[PDB]
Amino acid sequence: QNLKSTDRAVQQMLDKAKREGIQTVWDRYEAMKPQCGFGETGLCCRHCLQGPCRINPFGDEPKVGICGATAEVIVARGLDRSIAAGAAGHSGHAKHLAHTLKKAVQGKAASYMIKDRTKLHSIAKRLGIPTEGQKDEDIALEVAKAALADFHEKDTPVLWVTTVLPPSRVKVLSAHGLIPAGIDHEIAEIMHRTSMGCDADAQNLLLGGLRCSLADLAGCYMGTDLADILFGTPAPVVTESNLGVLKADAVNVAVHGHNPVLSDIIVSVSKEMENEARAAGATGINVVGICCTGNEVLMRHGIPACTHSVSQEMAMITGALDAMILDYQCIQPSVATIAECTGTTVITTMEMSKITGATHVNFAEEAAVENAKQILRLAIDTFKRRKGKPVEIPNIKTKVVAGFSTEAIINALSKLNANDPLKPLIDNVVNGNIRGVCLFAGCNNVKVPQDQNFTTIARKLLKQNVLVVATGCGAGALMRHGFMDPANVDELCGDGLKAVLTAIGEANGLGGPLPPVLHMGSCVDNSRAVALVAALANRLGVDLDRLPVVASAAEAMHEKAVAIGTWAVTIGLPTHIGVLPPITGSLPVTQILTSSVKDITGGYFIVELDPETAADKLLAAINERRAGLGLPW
């Protein structure tokens, strides 16, 4: 099973699924082989009813689409629609939070409130909204109105792009016409220009894709900002991860999907319902996380992470998962079918994300506590139904220190330099104790043995003194293999990095180091890494494409991860992707995305499926940035 996942708890559940005859994502992948080589290379188009069209990567006809679309047009149009789909997911998420904040401060959703007033005021000031002598509710109404205004054209560009990057980077982007006019405006313009008989020039298409990726960045940054206002900015927390966080004698409830508007309420209301659970024979309600909504409640409340991404079905295979509470994105719809076998109650809550065979309980923010109570009573009823049933929870878990928002990182560094917190970090980049920074982001993918690329690349970078930060299911992979436990610093980190993590943790009163990898949150919280990187660029007086900072979507899957990788390149970063994207059928498009975009934005993709080689390429990219700053490497 180690060919499927490197996680030992997942391996144990794969054995259980096998002997019980429950089909998994790895079995559905095996049944799909061999996969179509036209789609793998990007050489397929279904954008009109004269299709499907394809182009042979090599050989004879077909060489061109029926309307005359070339390989480079077809590959660029498909990539652009992927970017637009990812932007559409993050900005649906962000819009959901904007409408929740508006409702809250208008007295229409009493379950929600302004928790981080300090963040509210800093965002308002960044946006140019006056705060002095204003009521908090009025300030918040204006921030929610500004959030919703960024979805359409208006007399300013998207402010969650132009106010969050340094002016020099905004100027580079503006010079190439890449600043978005409105988030949903760009998504629609992508779908237009990629439709039949429209844009048919690869460079023009890809410039439109870079602009739409910045609409995705705006939706990510907006979602972090609004979730911090409503639910609190994360601070360091300790918890646990992997399937051993499930408890046979508890009501086990996973929150899965993305939006904390739902997850955060499940967590607080589950606390009020402890006695009701105990009357049912349980010890209480054990809320556990899956995917990004799990990261959101891990970061803010220390809720333990059960599993992530490709292995999500395995939590159900234990037999102890009483409920799986869903909103949207990254939920394998197989869960509705596996539930019939495992007894889990799978519950959907959003009108635009239903799964045939799952129970639907409408969740309205205006009725959030009552709707949560209804959902959790379903969970309790399910617990009661499995009294006396054996379960198989692998007794496997790791310790996880997390909660490293950019505010938390700056506060930690301020213990070493109160009025110039970024300087101790920059000092140690200059003296070589920190070689550079790498952000691990994005999904697992069934084509890659689960977590193998994240852990292989992270181990090599940590030994080379790279400061490693992580989000999403990249953070999930690293946490489940011990990379967020400070007890593993001696084993994993080079001496320079160890000295730095130790000096910071000791200054913060822990009698020990920060963990080997800093968890910066969910996938929208890739925006927190942008805030940190932009702050370092501003402090140094250089643009982001001069910093020794890289990114790695080492096991990418979702269209959201394609959008995030593309805005990482657009803001100036060398960005690794560890799975094959559907671009190899066009050498001109590949050369744009891996080489000539450097002359436009300073960033570039690094496509490399072998993780040791990928680590070497990421180190060479870091070191080339060090050399360009005049630093040893």
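Heads up, when I say rigid core I mean the largest set of C-alphas that superpose within 1.5 Å between the two forms. Numbering starts at 1 and follows the sequence shown.
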{"query": "Positional deviation of Cα atoms in 5 other deposited structures of this protein after core superposition, greater for 258-266 or 525-533", "finding": "258-266"}
{"query": "379-387 versus 284-292 - which carries the larger mean C-alpha B factor in the record", "finding": "379-387"}
{"query": "Stretch with the greater mean C-alpha B-factor as recorded in the entry, comparing 593-601 against 43-51", "finding": "593-601"}
{"query": "C-alpha B-factor winner, where the candidates are 158, 298, 458, 504", "finding": "504"}
{"query": "113, 181, 443, 468, ranked by C-alpha B-factor: the highest one", "finding": "113"}
{"query": "Residue 555 CA temperature factor, ranked by third within the chain", "finding": "lowest"}
{"query": "Residue 585 CA temperature factor, ranked by third within the chain", "finding": "middle"}
{"query": "Chain thirds of CA B-factor: placement of residue 117", "finding": "highest"}
{"query": "Residue 622, C-alpha B-factor rank within chain (lowest, middle or highest third)", "finding": "middle"}
{"query": "Ranked C-alpha temperature factor of residue 263 among modelled chain residues, by third", "finding": "highest"}
